[PDB]
Amino acid sequence: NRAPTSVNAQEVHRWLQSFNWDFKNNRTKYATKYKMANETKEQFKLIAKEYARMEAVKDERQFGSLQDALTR
Amino acid sequence: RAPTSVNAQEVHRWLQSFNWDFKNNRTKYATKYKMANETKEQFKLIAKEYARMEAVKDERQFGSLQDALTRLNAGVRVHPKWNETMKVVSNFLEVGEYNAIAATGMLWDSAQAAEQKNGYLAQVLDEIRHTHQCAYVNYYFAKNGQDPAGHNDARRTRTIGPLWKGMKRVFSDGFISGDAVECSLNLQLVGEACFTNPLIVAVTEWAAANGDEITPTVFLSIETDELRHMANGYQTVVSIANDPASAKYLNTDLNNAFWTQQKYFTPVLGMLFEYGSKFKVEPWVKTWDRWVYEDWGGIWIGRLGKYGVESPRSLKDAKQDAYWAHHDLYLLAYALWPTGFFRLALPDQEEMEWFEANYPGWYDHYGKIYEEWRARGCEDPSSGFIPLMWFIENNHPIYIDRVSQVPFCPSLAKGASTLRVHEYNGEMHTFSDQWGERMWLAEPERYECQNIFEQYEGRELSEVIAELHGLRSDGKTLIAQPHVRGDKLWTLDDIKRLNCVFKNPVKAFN
Amino acid sequence: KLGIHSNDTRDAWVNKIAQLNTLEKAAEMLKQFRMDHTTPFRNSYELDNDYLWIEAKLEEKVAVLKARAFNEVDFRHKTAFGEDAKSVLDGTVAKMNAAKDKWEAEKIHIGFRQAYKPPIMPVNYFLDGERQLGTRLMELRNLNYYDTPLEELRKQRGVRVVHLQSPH
Amino acid sequence: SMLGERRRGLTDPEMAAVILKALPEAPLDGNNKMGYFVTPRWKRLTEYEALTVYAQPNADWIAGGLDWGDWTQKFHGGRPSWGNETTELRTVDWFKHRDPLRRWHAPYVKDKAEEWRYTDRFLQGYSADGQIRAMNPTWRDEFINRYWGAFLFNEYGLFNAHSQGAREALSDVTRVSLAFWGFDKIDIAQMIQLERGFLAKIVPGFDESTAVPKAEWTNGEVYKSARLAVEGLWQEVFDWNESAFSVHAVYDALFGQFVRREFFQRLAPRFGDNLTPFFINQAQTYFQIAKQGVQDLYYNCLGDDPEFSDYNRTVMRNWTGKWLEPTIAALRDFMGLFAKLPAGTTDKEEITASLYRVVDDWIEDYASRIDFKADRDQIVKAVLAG
Amino acid sequence: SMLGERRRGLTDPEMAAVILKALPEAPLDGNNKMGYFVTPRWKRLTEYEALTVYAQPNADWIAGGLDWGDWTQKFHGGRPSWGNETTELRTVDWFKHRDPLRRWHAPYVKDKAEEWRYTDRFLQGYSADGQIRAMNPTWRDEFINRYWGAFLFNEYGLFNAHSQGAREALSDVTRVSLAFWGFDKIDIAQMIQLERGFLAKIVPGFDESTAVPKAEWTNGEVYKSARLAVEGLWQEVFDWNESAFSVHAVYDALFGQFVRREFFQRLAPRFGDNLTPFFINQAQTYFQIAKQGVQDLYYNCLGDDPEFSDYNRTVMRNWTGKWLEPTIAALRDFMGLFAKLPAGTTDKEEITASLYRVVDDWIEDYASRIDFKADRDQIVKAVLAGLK
Ligand SMILES: [Ca+2]
Ligand SMILES: [Fe+2]
């Protein structure tokens with residue numbers, strides 16, 4: 001089958017939690033009284049590429065309004 | 001191993017060599033001219049770079065539109081008259097943009113040099129951009145404006161009115177039907193250089209004046225592309241300057257193109273500008289004179305004189321028939337208001353003072369007439385009156401030029417009042433000037449356009465409107481209106497009651 | 001039933017075309033229709049408001065019939081009448097080059113269209129013809145385009161002047 | 001002045017006040033959907049459809065048209081601005097087509113622009129990363145400069161084959177797709193030249209002049225039949241649909257796909273050439289993009305037309321047979337380029353297999369749609385004769 | 001309401017009139033150039049510089065700072081918010097650095113966005129073009145899924161090595177470059193996973209789970225020393241410059257460049273794999289982009305500092321020697337992967353040559369800048385010892 005397919009950010013994010021591995025000195029370099037559970041999850045399943053795209057789209061508008069209509 | 005790349009001009013350097021020779025490597029279209037197959041283009045572009053410079057322009061345009069302009073409610077805070085005017089200006093331009101796509105596709109086929117083809121090609125794409133751009137203006141005003149009707153369906157509701165017919169002449173058929181070079185003159189040498197380019201800027205001016213910041217945003221962006229259309233129209237004259245056939249045909253095709261274009265825009269643009277607005281920018285007579293005489297007829301054609309090009313012989317005529325043309329036309333457009341896809345308004349006092357001030361004698365003719373119509377009740381649906389009736393009552397028949405499609409009333413006009421009627425093989429033809437008449441006499445098979453009186457003959461007004469979807473979503477209220485106010489909008493029924501039935505004015509010479 | 005896009009006139013022709021189930025009948029009817037209703041030389045203007053639409057619906061029938069009747073080579077090189085397309089083209093182009101004036105040229109060109117417009121002639125040959133015939137027609141027409149005064153030109157065209165008006 | 005002389009109705013207190021006072025209380029129609037009367041191809045009308053469908057002012061006598069009457073000005077002779085006479089294909093509605101990618105101008109240039117800017121970045125990274133070092137000298141100066149380079153004229157020719165369709169297309173949607181199909185082709189041709197120009201900058205002695213590849217195209221043996229087919233699709237075809245259909249659903253689906261994918265894309269890597277494959281990735285993306293449009297127009301719309309399905313399929317099968325031959329000939333001649341390759345580069349079994357992939361895909365995505373009975377073994381054997 | 005209730009000072013007649021009446025006749029200063037006081041790196045001040053330089057509120061006691069006084073709130077103990085004590089490197093001005101690509105946020109995301117959208121288009125064209133067919137099964141299920149896959153953890157680790165610099169960087173310009181260097185690394189790691197996820201969709205039986213490549217990374221032999229070096233650069237280095245410098249001008253310039261370019265980029269093609277090379281093109285563009293910034297900061301600004309040139313070079317040479325060893329060890333272990341390749345895939349001469357390219361480029365673009373005396377033969381021979 002040669003149907004047009006791709007992979008989205010959440011499909012890659014599914015495995016992002018596994019990216020970190022264990023080893024002796026894998027710990028914070030900063031002082032802290034707390035202990036952040038090392039299984040905590042994030043709310044938005046983003047990857048660098050997708051993050052950049054949703055932010056660049058916002059920029060287009062912002063700078064568009066600024067350099068064009070607002071200046072006129 | 002330093003960081004290096006290749007730019008568009010570096011590839012373009014070898015673009016001219018892309019085309020190779022072979023027996024049938026020739027134009028598929030009829031043409032009296034011979035485009036030198038060594039002609040060069042002004043801008044060294046390639047597809048990739050072209051797309052990038054256009055996408056950058058889009059970013060801004062759509063950015064301003066979807067963001068700040070929407071936040072400011074720019075789609076609403078526009079004067080009512082102008083919101084209507086933009087239904088016509090944008091949709092009519094849209095088809096000029098859309099036929100310019102086919103037109104340059106034809107020029108691209110005509111060109112034999114790879115560079116000249118590439119020049120036209122860039123326009124084929126620009127024109128597609130402009131089609132979608134003009135479309136977006138209507139789309140935006142439909143979604144965000146004070147009156148979507150017309151903006152949301154001009155593509156089908158424009159067919160009802162007579163003004164649309166003339167639009168297809170100068171910006172549709174005149175762009176793609178005939179000798180590739182003749183078409184090139186209609187589109188680039190005259191249409192764009194004489195009217196479209198100066199016009200696009202003018203519209204942004206009138207738009208801004210009436211609270212419309214949407215149009216300036218899109219049209220000023222379209223404007224940035226016209227530098228390339230000019231080069232192509234200029235390169236067309238150069239690619240044929242060396243052919244002996246050019247010295248025999250160029251001026252005739254140019255004069256015909258000039259006349260074709262001005263015949264429509266001289267009265268239509270002026271009308272849309274002065275009557276479709278509240279706040280004025282500058283008298284059309286002044287504007288017209290600068291565009292056609294100073295900028296175009298003088299500076300633009302002067303630079304092409306070295307290629308055998310001369311000032312259009314019909315130039316003086318055009319100037320003399322111009323002064324009142326747009327005023328003469330509005331009378332007809334308003335009288336036939338039910339055939340439009342936009343709402344028209346009668347000049348308020350402030351405006352009548354303006355008109356008279358800039359057009360001495362305006363009041364005693366048009367002013368007095370408009371006042372009579374308003375007293376008659378042309379704005380009120382319960383009056384049972386429509387300006388067309390006033391024309392019938394005072395024996396002022398309205399004709400359609402068989403060639404330009406421009407409506408004219410010789411018995412009432414203050415401008416040209418010439419009328420030539422002919423019968424040829426069972427058919428009657430009405431002409432409004434010696435240039436269009438010659439065109440038809442020499443090329444009768446090129447002009448067989450059925451006018452609205454012919455097509456609508458014997459038909460009752462409301463039925464034509466209903467059949468062609470001239471209604472708002474409520475299925476009762478007319479899209480077109482004789483005023484731009486919020487209430488007392490005419491309904492299909494108000495029109496049916498007038499029991500107005502079309503008649504072909506020419507059947508009288510019988 | 002009166003209408004711009006739908007009227008009795010059009011329905012009438014629909015039924016008429018529905019009864020054409022033979023390439024020869026259909027092809028001949030289309031040619032006849034073109035002689036009767038198209039071009040400034042049509043035999044009458046009775047179908048002025050519907051002919052364009054009717055003609056198309058007629059072409060559709062001829063096309064369908066031609067496709068089922070012709071083999072592959074013929075569909076590509078023969079007219080619906082069995083004529084050899086290239087021969088007709090080269091022949092008509094021959095006369096067009098032998099044309100003595102613009103009045104003979106237009107007769108040739110306009111007639112060519114009335115007789116061989118697809119689906120009669122294959123489009124490839126037809127548009128090839130459009131290109132050559134049109135070029136000659138223009139060359140002849142655009143030469144000293146303004147020399148002949150309107151008074152004379154009307155006489156040459158053979159129009160019946162019904163009314164003239166001119167303050168200037 | 002800081003404020004400027006021109007006053008604007010949106011910001012000028014006086015003018016705006018007058019404007020606001022003339023405004024109605026609410027919109028004069030609640031239907032704010034431009035193109036609302038257009039039949040949606042998908043669930044909801046798309047921006048693509050709204051902005052495109054019906055832009056072409058066709059009258060009802062051209063299937064699907066909404067206007068009425070003849071054109072205002074026609075060609076000397078009487079040829080209509082647009083008419084049914086410019087193509088053998090017939091349909092119930094020319095505005096039925098829909099680019100599956102819904103590409104109107106803005107989206108189209110946005111994508112090519114991204115590709116352009118990235119290409120620039122890629123080349124700048126490629127040159128600085130010194131990757132050119134590991135590329136086989138013979139493959140570079142011979143197969144890329146001469147043979148790959150000569151192929152640019154093939155793409156250029158296919159590009160020009162679209163000129164008449166841009167002028168004759170009977171609808172906006174079809175006209176736009178056509179314009180984009182051909183524009184992508186000139187793009188590719190210029191990308192092939194961009195690579196040659198790039199190599200000229202990093203390889204001291206590489207002449208970017210098109211003279212060599214052009215001479216290979218005009219007078220070579222490898223691309224002889226290929227050029228003959230291109231000259232024909234371009235200048236001997238006056239039917240805009242036969243042109244588009246034959247170019248995309250026949251010649252380029254077979255010859256083009258073989259050269260690009262089964263030769264250069266397949267072998268360049270073997271010679272330490274990751275450059276050419278970068279540009280072929282684009283060409284293949286473009287190809288797969290155009291294919292969707294080509295399929296929708298000729299198969300979904302025309303080939304499956306409720307009234308002219310039979311007729312249209314008959315005509316496209318006619319065209320398939322008419323062009324399949326010159327295409328096979330173009331492939332046959334192309335087979336000669338393999339003998340020019342250093343011994344051991346590839347064998348007859350690899351080439352046959354690759355030929356079968358191209359042919360099966362073609363039967364897959366094109367031939368079968370119009371019931372064109374194609375024999376894969378016969379086609380391949382005819383080509384192998386090289 | 002068609003007009004809305006909120007009135008705006010720019011369009012509301014009343015409010016605007018009041019606004020217009022309060023306006024001066026002309027601007028109260030003709031100098032409309034924000035950042036005008038910033039020393040331009042090029043002919044004219046760039047938007048990049050204006051929007052970035054001096055955003056960090058440093059006082060004069062941190063080289064280049066324009067403010068004065070201590071921080072308002074410090075860490076328990078007294079550690080300053082930012083201070084000279086977080087790095088061994090010294091300079092006359094921390095705001096001297098300039099990303100040669102002049103990347104501020106907007107341009108940065110715009111480019112990655114283009115790359116993202118095109119990647120999507122590429123994969124959709126790749127899958128529809130059925131190119132996967134001609135790819136060697138062993139290379140796919142073994143070298144891409146396991147070994148290339150495992151490499152994602154290398155990039156991920158280098159990514160995390162930037163976390164402290166994002167916090168400690170002594171200037172805006174350096175902080176922004178650092179952030180972009182690390183962000184490009186996580187991007188690459190995710191692209192390696194994107195490919196594995198893509199293959200899972202077009203190859204029936206390809207498990208996109210990271211379990212296998214992760215087990216290869218955590219417990220394999222091929223990447224053992226590589227992982228040991230990554231764990232160190234990341235968690236055993238508390239000096240943000242040693243971290244950035246060692247990661248980019250040492251480890252990744254040698255090990256990273258060899259794996260990406262001299263192994264996968266070089267061999268994938270031979271197995272009918274044009275997929276992986278597509279993503280490596282990105283990684284290499286990113287690498288060459290970061291290199292320019294890394295060079296400007298460590299060589300142009302620090303290594304050539306008018307006052308601490310000598311000092312800084314001494315320190316970077318110290319760091320080069322400190323990390324060159326673990327990097328050689330990472331390469332040595334990597335040599336083991338060649339024995340896993342089908343016989344005839346490549347020979348010892350090809351591998352040595354490729355090693356020499358990586359090493360010569362390194363001496364070329366890095367070692368020589370700080371006068372680090374590197375013996376290319378010794379380095380390569382030490383690595384070749386890893387060849388089984
Ligand atoms: Ca060897
Ligand atoms: Fe335009």
Side-chain angles (χ1 to χ4, degrees), chain B residues 14 17-26 112 114, chain D residues 138-139 141-161 185-186 188-189 192-193 196 209-237 243 246-248 250-268 276 280 283 319-341 345-346 348 351-352 354-355 358-359 362 378-386:
Chain B
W14 300 95
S17 70
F18 278 35
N19 193 27
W20 70 94
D21 302 315
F22 63 86
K23 219 171 183 177
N24 302 197
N25 201 350
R26 49 81 191 91
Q112 292 311 299
Chain D
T138 301
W139 172 257
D141 305 305
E142 166 132 62
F143 298 77
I144 300 305
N145 185 210
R146 173 184 291 282
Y147 301 103
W148 179 228
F151 186 65
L152 84 68
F153 297 80
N154 177 276
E155 301 304 37
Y156 181 69
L158 294 193
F159 150 66
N160 275 114
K185 278 298 184 185
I186 179 65
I188 297 162
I192 289 178
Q193 178 51 36
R196 297 187 62 265
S209 168
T210 50
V212 178
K214 186 176 179 177
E216 178 55 43
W217 173 252
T218 58
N219 298 74
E221 286 298 296
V222 169
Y223 289 110
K224 190 174 184 182
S225 290
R227 173 172 55 64
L228 289 179
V230 166
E231 305 185 333
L233 288 158
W234 172 8
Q235 302 286 47
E236 296 179 288
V237 180
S243 192
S246 299
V247 166
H248 302 295
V250 178
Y251 184 65
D252 203 44
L254 293 169
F255 180 72
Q257 283 297 73
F258 188 82
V259 176
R260 292 190 296 274
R261 193 185 75 201
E262 303 302 353
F263 188 91
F264 294 90
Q265 174 105 228
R266 188 170 80 80
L267 312 182
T276 306
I280 297 180
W319 292 341
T320 300
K322 177 185 172 183
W323 292 101
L324 175 60
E325 203 178 308
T327 294
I328 282 178
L331 280 175
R332 188 201 299 121
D333 287 12
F334 191 70
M335 296 309 253
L337 184 62
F338 290 103
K340 305 276 176 55
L341 288 173
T345 300
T346 183
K348 172 167 183 174
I351 323 181
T352 302
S354 69
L355 275 169
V358 171
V359 176
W362 177 67
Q378 278 180 45
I379 295 170
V380 168
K381 290 209 181 66
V383 176
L384 292 179

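Letters A, B, ... mirror the listed sequences (proteins, then strands); counts begin at 1. Side-chain atoms are counted along with the backbone in the values below, which use heavy atoms only and exclude waters and symmetry mates.
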If you count the non-hydrogen atoms of other residues, nucleotides and ligands that lie under 6.0 Å from NZ in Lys224(D), is the total more than 12?
-> no

Which atom pair, heavy atoms only, marks the closest approach of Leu233(D) to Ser246(D)?
-> CD2-CB, 3.6 Å

Heavy-atom pair with the smallest gap, counting every atom of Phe258(D) and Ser354(D) = CE1-OG, 3.2 Å

For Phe255(D) and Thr327(D), the nearest pair of non-hydrogen atoms, with its separation, is N-CG2, 4.0 Å

Non-neighbouring partners of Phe18(B) that pass ring pair (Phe, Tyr, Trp, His ring centres under 6.0 Å), sequence neighbours left out = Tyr156(D)

Looking only at heavy atoms, which two atoms of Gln193(D) and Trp14(B) are closest? And how far apart?
-> NE2-CD1, 3.6 Å

Can any side-chain N or O of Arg332(D) pair as donor or acceptor with the backbone N or O of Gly386(D) at less than 3.5 Å?
-> no

Those residues that, when tested against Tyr147(D), pass ring pair (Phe, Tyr, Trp, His ring centres under 6.0 Å) (two or more places apart) = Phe143(D)

Distance-minimising heavy-atom pair for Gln235(D) and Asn24(B) | CB-O, 2.9 Å

Evaluate the ring planes of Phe264(D) and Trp148(D), with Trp represented by its six-membered ring, and classify them as parallel (under 30°), tilted (30 to 60°) or perpendicular (over 60°).
-> tilted

Under 3.5 Å: donor-acceptor pair, side chain of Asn25(B), backbone of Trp20(B) | yes

Does the side chain of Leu341(D) reach to within under 4.5 Å of the side chain of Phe263(D), using non-hydrogen atoms?
-> yes

Would a 4.5 Å heavy-atom cut-off, applied to side chains only, mark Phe338(D) and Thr346(D) as touching?
-> yes

Which residues pass the salt bridge (charged side-chain N to carboxylate O under 4.0 Å, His left out) test with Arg260(D), sequence neighbours left out?
-> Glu155(D), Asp252(D)

Nearest atoms (heavy-atom pairs only) where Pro213(D) meets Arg196(D) = CD-NH2, 3.7 Å

Taking the six-membered ring for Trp, are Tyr223(D) and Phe151(D) parallel (under 30°), tilted (30 to 60°) or perpendicular (over 60°)?
-> tilted

Quick one: CD1 on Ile328(D) to NZ on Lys381(D), what's the gap to the nearest 0.5 Å?
-> 12.5 Å

Does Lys340(D) reach the side chain of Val222(D), with side-chain heavy atoms less than 4.5 Å apart?
-> yes

